[PDB]
Ligand SMILES: Nc1ncnc2c1ncn2[C@@H]1O[C@H](COP(=O)(O)OP(=O)(O)O)[C@@H](O)[C@H]1O
């Protein structure tokens with residue numbers, strides 16, 4: 001959705017990327033030229049860098065303020081016209097939906113993963129957002145490793161390199177005997 | 001007129017003009033659409049007294065408030 005919203009912005013910037021290969025070029029732009037805001041109004045009232053990205057064809061594209069307006073969709077889905085929550089609201093609600101004795105420890109241990117957290121200047125805005133939402137003086141501590149893109153894979157390798165994994169999967173025979181109910185029982 | 005006598009090759013009995021005999025929509029009547037007759041007087045009378053309040057509006061890609069809905073007031 002960040003890439004799709006950026007594609008719409010480039011249509012309004014006069015570039016009309018609408019093909020499929022053009023869409024993956026937009027993905028390359030999103031991964032390379034966008035960056036997150038700190039205060040979108042402080043940066044909205046002032047003009048920016050206007051990065052010059054070069055297409056594989058050799059063309060030249062300029063992005064302007066949309067380089068920070070594109071990944072704003074995560075923290076605010078109102079831009080795309082969708083009543084939902086921000087990513088900060090998801091994190092804060094997910095904490096507050098739990099118990100009370102655990103809220104402080106969950107605030108002190110926030111682990112990111114997923115490729116769409118690699119935006120430059122992301123976690124700092126996440127701290128300002130959650131700090132703006134979380135209670136007073138609670139220590140919010142976000143750990144963001146370098147291998148965020150492969151955390152789910154590395155962890156899959158860790159759990160699959162155990163004997164508990166042998167005591168944890170689903171037997172082929174048992175699947176043939178049961179079917180869907182087998183996996184829905186052993187889903188956790 | 002006097003170019004006949006003074007010049008040798010200017011002949012007469014010449015038909016100056018050689019000529020020939022000068023010989024001498026259905027898409028709006030479809031059953032699919034509902035053809036509507038546009039009347040600017042009726043539409044003008046309909047939207048005659050409907051104001052539009054443009055007090056502090058925006059349409060650009062400015063993200064400061066939550067949402068952005070221009071044209072707030074009326075009458
Ligand atoms: N350097 C980057 N900056 C911004 N976004 C990135 C970057 N690298 C990857 N991404 C985003 O991460 C996505 C990769 O998705 P990914 O997180 O791998 O899904 P999954 O983690 O479920 O495999 C890419 O589509 C891209 O939009």
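So basically every Cβ, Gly included, is an ideal-geometry build from the backbone, and we count neighbours across all protein chains shown. Throughout, read-outs are computed from the coordinates displayed, never taken from laboratory work.
Would you mind giving the three semi-axes, in whole Å and largest first, of the ellipsoid equivalent to segment A:57-188 according to its Cα gyration tensor?
35, 24, 17
Based on the alpha-carbon gyration tensor of segment A:77-151 and its eigenvalue square roots a ≥ b ≥ c, which shape applies: rounded if a/c is under 1.5, prolate if not and a/b is larger than b/c, or oblate?
oblate
Highest mean first, how do A:113-120, A:157-164 rank when packing is the count of other Cβ atoms within 10 Å averaged over residues?
The most tightly packed comes first, giving A:113-120, A:157-164.
Taking 0.36 nm per intervening residue step and subtracting the Cα-Cα distance, what contour gain separates residue A:162 from residue A:93 on full extension?
Extra length from residue A:162 to residue A:93 when fully extended: 21.5 nm.
At 7 Å along the Cα-to-beta-carbon direction for both residue A:28 and residue B:3, put a label point, then send me their distance in nm to one decimal.
That separation, rounded to one decimal, is 7.5 nm.
At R0 = 25 Å, how high is the FRET efficiency between residue B:65 and residue A:1 if r is their beta carbon distance? Nearest 0.05 is fine.
According to the calculation, E is roughly 0.75.
Could you work out how much longer the chain between residue A:38 and residue A:117 gets when fully extended? Use 0.36 nm per residue separation minus the Cα distance between them, nm to one decimal.
Fully extending the segment from residue A:38 to residue A:117 adds 27.0 nm.
If you bin every alpha carbon distance in the protein assembly as shown into 10 Å steps from zero, what whole percent lands in each bin?
That works out to 5, 16, 18, 17, 14, 8, 6, 4, 4, 3, 2, 2, 0, in percent per bin.
How shielded is B:60-67 by partner chains, expressed as the average number of their Cβ atoms within 10 Å of its Cβ atoms?
The mean count of partner-chain Cβ atoms within 10 Å per residue comes to 5.
Relative to the present Cα-Cα distance, how much length would full extension add between residue A:131 and residue A:49 at 0.36 nm per residue of separation?
26.7 nm
Which value in nm describes the separation of the simple spin-label points at residue A:181 and residue B:50, placed 7 Å from the Cα toward the beta carbon?
6.0
Given a Förster distance of 25 Å, report the FRET efficiency between residue A:109 and residue A:152 from their Cβ-Cβ distance, rounded to the nearest 0.05.
That gives a FRET efficiency of 0.90.
Can you pull the Kirkwood radius for chain B, inverse mean 1/r over Cα pairs, to one decimal in Å?
Evaluated over chain B, this radius sits at 21.8 Å.
Normalised by the number of residues in chain A, what is the relative contact order in percent for Cα pairs under 8 Å and 6+ residues apart?
RCO, chain A: 17 percent.
What number, in nm² with one decimal, is the all-direction average of the projected area of the convex hull of the alpha-carbon atoms of segment B:33-75?
With every direction weighted equally, the projected area is 5.6 nm².
Using only the alpha-carbon atoms, what does segment A:35-122 span along each of its principal axes? Please give whole angstrom values in decreasing order.
For segment A:35-122, the Cα spread along each principal axis is 56, 26, 23 Å.
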